[PDB]
Each structure stands twice: as structure tokens, then as C-alpha cells.
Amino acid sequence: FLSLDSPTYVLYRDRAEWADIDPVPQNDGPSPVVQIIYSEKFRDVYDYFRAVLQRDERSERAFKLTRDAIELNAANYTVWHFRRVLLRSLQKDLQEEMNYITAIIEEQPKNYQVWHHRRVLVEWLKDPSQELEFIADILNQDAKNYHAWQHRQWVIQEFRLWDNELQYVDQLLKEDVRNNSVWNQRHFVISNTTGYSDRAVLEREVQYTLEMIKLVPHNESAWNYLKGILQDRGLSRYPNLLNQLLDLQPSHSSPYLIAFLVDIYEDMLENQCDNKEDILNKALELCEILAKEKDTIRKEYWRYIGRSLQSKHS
């Protein structure tokens, strides 16, 4: 292996062990469009990749070449496909390839190809033993990397590794209670384990969320989670909720609290509530305050809500 960054790196056209092969230049046609003026290093590696792809040469040197083509452009999915062909055809040790993908993902975590490649290797080896820990290290650098969370969900689901994830969720929530990815992971773990029907679980969750809301009134994630686990069976199914939210309104107020209250008024006005002319006006006044003072960025949305609430509850 001769690193693409090594001081003694040599273009492939100047390499003896490649003299037999004629590189294949890229054909962009007579009048190119969106033509990229590649560096000599790039064009050199890819002219030989094209040669090895055309001739479908499944050799150790071709395998080493894909590594350089990948490094020059990790987004080239065609190269990644040929590399997987070589892995099978050459019978390459897959853990060695696992160490390789571990390194490249650390380098470029926001790439679709690198994660899919890791998935294929895990699928091939039927071995998720390193996954949770590896993903955890990536998440320790970017706690919100979409691919990382997606890969974590896939591993946990396929190999049934649920036992310790909620603990992990609590760990990251303590580090940043505003991490929407962690709240999503929380709902992921719970809905695929115990579910939200067990009253002991639903209550536990609502209390935790309300408590987090008390700690950080303006954290939209806790509010969205609370709404998400209750709008299922309908907010009006829980009477104590309304007053309990109105209780922390003098101090822990936020445009989120106002909005939630409105979400309760509309469910009530939809499930035959008492004074269905008294609750309606409470809501319209809130839609008013929201659209006019407390949350004007969404004035068009709130004005729509008011008009829709009258359109069927007048």
C-alpha cells in the first residue's frame, strides 16, 4: 500500500507493475458539459480504474486501486460496487475490510456509501459485535449524525440488541436534553420493546418529559415527544393534563405550552366536551395570541387553525 498522501506517492502511469495496462480516459464527448478539470492524481487513478473495470480484472492490484479511487471520491458508488465484487471474488478477509471501513467512516461520516458498505460487511459476517461501540464513537463526535443513528437502528432491530439502548438514550439525554435524535431513539426503543400501552410505561414517560420541560421550558424536543406519545389515543383522554400545563404557565411559559393547550382544546372539541362554545373561544384567543404576539413566524398556520376550529365547532 502506497498512501495517496505519501511523499513518495507515484502516479499509476509511472508504476512498473501497471505497465501492461493501457489506461482508459473518460469520454465526455466532443463538447463537454459540467466538465471537471481533475488534478493529475485524480485523472490518473480513475483512468486506470476505468481500465480495470472494462476488463473486469479481479486482481489484488485492482483491489488496492479501488482504495485510492474511493479516497479521491468516496461518493463514487460504482467503485464501491466493484470493490465488493473484489472482496467476494478474491476471498479477502472481511474483518480486515471491517477495520478499513471503520477508518474511512471516522474520516467521512456524512457519506451514504461508507455506511452502506459497513452494513453489507456486517450482513455478510452476520456479526454485530463491534457495531454499538463503533457507532457510539462516531456519535461522540457528532451526536446527531443521521447515518449513524440509522445504522444503529438497523443493527439493533436485525440482531435484537435492545437491552441496553434506553440506558444509552438516558446517557446522551443527560449530555444534551435537546438532542432530537436521542428523543427519536427513545421512542424507537420503547415502541419496539414494551410499547406505550403499558400504563406504567406511559406515565413514567410523561412524568420524565414534563420534568424535562420544567428544567428547560423552551426545549421543543421534550414538548414534541410529550405530544407524540399522547396524541395517539387523543389528548382529551387525559383530563389532568390540561390543568397541569396551565399550572406551570405563569413561570414555565413558552409558545410551545400555548400551542399544546390549543392541541388539547381541539381534541376536546372533537370528543364532545362540556361548554363546546366556551372551550372553542379559549382556543381562538390562543390562536390569536400566537399569530399576533407569541409566535408570529407561524401566523399563517395559526390563523388557519382558528378558521378551521370555527368551521366546525362554532
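In this text, residue numbers run from 1 along the sequence as written.
**Q** Where do the C-alpha atoms have the higher mean temperature factor in this entry, in 49-57 or in 262-270?
**A** Taking the mean C-alpha B-factor of 49-57 and of 262-270, the larger value falls to 262-270.
**Q** Can you tell me which stretch has the higher mean Cα B-factor, 284-292 or 39-47?
**A** 284-292 has the higher mean C-alpha B-factor.
**Q** Looking at the C-alpha B-factor values in the deposited entry, which of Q207, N184, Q95, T78 comes out highest?
**A** Most elevated C-alpha B-factor of the set, per the entry: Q207.
**Q** With respect to C-alpha B-factor, does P109 fall in the lowest, middle or highest third of the chain as deposited?
**A** Within its chain, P109 is a lowest-third residue by C-alpha B-factor, going by the deposited values.
**Q** Taking the values exactly as deposited, rank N219 by C-alpha B-factor within its chain and report the matching third: lowest, middle or highest.
**A** It belongs to the middle third of the chain when residues are ordered by C-alpha B-factor.
**Q** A69's Cα B-factor: lowest, middle or highest third of the chain?
**A** It belongs to the lowest third of the chain when residues are ordered by C-alpha B-factor.
**Q** Looking at the C-alpha B-factor of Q91, is it in the lowest, middle or highest third of its chain?
**A** For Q91, whose C-alpha B-factor we compare with every modelled residue in the chain, the answer is the middle third.
**Q** Hey, what third does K126 fall into on Cα B-factor, ranked over its chain?
**A** CA B-factor rank for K126: middle third.
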